[PDB]
Chemist: 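Here it is, the structure in full.
Residue numbering restarts at 1 for every chain, and letters A, B, ... go by the order of the sequence lines.
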Protein chains: 2
Amino acid sequence: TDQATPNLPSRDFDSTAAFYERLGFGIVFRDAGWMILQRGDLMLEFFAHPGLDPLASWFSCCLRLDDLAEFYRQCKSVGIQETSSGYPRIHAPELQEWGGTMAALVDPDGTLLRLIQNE
Amino acid sequence: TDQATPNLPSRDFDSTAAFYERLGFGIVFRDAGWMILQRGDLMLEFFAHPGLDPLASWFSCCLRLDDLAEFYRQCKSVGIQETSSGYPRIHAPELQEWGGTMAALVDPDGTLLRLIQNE
């Protein structure tokens, strides 16, 4: 079926790939400049962006899930730090100003993945 | 169901919205700092990025469609230029180096939308 997937930057496909495999994602494809991961219907696509600054990055995306808790349980179990400085880190699910519950995830490359709880 | 959606920038929600509406997309949600457009199962999300350079931007995403042809018929019929310079523009479907047929669409902020045929 029709569907739009994001394109996120990676300073090293190996690390990226390694980091997402621990969450349930795997490799659907991997070229020298393009890699695709996937966990269930969640599919993310990366591209090489060597000249990127993880601290000045504005890249992000949403992961609207049916069970944010479970998925957050995993991020913790895989050892992602629950700090408020540096990357990668996670912030527990908090009721957002817009009425939705959303947890934050910052991948190895400073990309922000807004974890939202599907309604 | 669990999905992944892109986070694209928007120098002006009005101009953006206008642009996408012509492609069958319609607003699902609109706030002051966040907009969500939808079309069937496709769903993009936008954010305010006034200090963005449409020429130096690296933002993009994939629209894996069941009928790339028709979707491209819309982009054409609504007047999008098929040039190779300037934005917004489009590039006819070309068999990609990875064995897939993909057409390229660039919106008013220089964001690349890879129109790929679903296998």
Chemist: Determine the option with the most heavy-atom pairs under 4.5 angstrom with chain A, choosing from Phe47(B), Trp34(B), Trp98(B).
Modeler: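 Answer, by heavy-atom pair count under 4.5 Å with chain A: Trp34(B).
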
Chemist: Are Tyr20(B) and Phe13(B) grouped together when hydrophobic residues (ILVMFWY) are joined by side-chain heavy atoms under 4.5 angstrom apart?
Modeler: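 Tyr20(B) clusters together with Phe13(B).
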
Chemist: Determine whether more than 12 heavy atoms belonging to other residues, nucleotides or ligands lie under 6.0 Å from atom CD of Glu97(B).
Modeler: no

Chemist: Do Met35(A) and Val28(A) belong together in a cluster built from hydrophobic side chains that touch within less than 4.5 Å?
Modeler: no

Chemist: Does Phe25(B) share a hydrophobic cluster with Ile27(B), counting links as ILVMFWY side-chain heavy atoms below 4.5 Å and allowing steps through other members?
Modeler: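 Yes, same cluster.
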
Chemist: Look at the side-chain heavy atoms of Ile, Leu, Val, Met, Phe, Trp and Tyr, link any pair under 4.5 Å apart, and say whether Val106(A) and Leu55(A) land in one connected group.
Modeler: yes

Chemist: Please classify the contact of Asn118(B) with chain A as side chain, backbone, both or neither, using a heavy-atom distance under 4.5 Å.
Modeler: side chain

Chemist: Decide whether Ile80(A) and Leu115(A) are clustered together by the hydrophobic rule: side chain heavy atoms of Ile, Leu, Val, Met, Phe, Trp, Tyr closer than 4.5 Å, transitively.
Modeler: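 The answer is yes; both residues are in one hydrophobic cluster.
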
Chemist: Specify which of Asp67(A), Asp31(A), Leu44(A), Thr1(A) makes the most heavy-atom pairs with chain B at under 4.5 Å.
Modeler: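 Greatest number of close heavy-atom pairs with chain B: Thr1(A).
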
Chemist: To the nearest 0.5 angstrom, please state how far the CG atom of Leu63(B) sits from the OG1 atom of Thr5(A).
Modeler: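 Separation between the atoms: 8.5 Å.
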
Chemist: Given heavy-atom pairs under 4.5 angstrom as the criterion, report whether the side chain, backbone, both or neither of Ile36(B) touches chain A.
Modeler: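 Interface part for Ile36(B): side chain.
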
Chemist: Does the distance from a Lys or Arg side-chain N to an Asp or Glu carboxylate O, for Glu45(A) and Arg114(B), drop under 4.0 Å?
Modeler: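 No.
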
Chemist: Heavy atoms only, distances under 4.5 angstrom: which of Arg64(A), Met43(A), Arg39(A) has the most pairs with chain B? Name it, please.
Modeler: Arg64(A)

Chemist: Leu52(A), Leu113(A), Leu112(A), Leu42(A): which one forms the most heavy-atom pairs within less than 4.5 Å of chain B?
Modeler: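 Sorted descending by pairs with chain B, the first entry is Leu42(A).
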
Chemist: Write down the atom of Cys61(B), the atom of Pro6(A), and the distance for their closest heavy-atom approach.
Modeler: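 Heavy-atom minimum between the residues: CB-CA, 4.5 Å.
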
Chemist: At a heavy-atom distance under 4.5 Å, which candidate from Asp66(B), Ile116(B), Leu68(B) has the highest pair count against chain A?
Modeler: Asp66(B)

Chemist: What I'd like to find out is whether the side chain of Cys62(B) reaches to under 4.5 Å of the side chain of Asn7(A), using heavy atoms alone.
Modeler: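 Yes, close enough: below the 4.5 Å cut-off.
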
Chemist: So does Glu70(A) have more than 12 non-hydrogen atoms from other groups sitting under 6.0 Å from CD?
Modeler: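 Yes, CD of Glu70(A) has more than 12 neighbouring heavy atoms, counting only those of other groups under 6.0 Å.
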
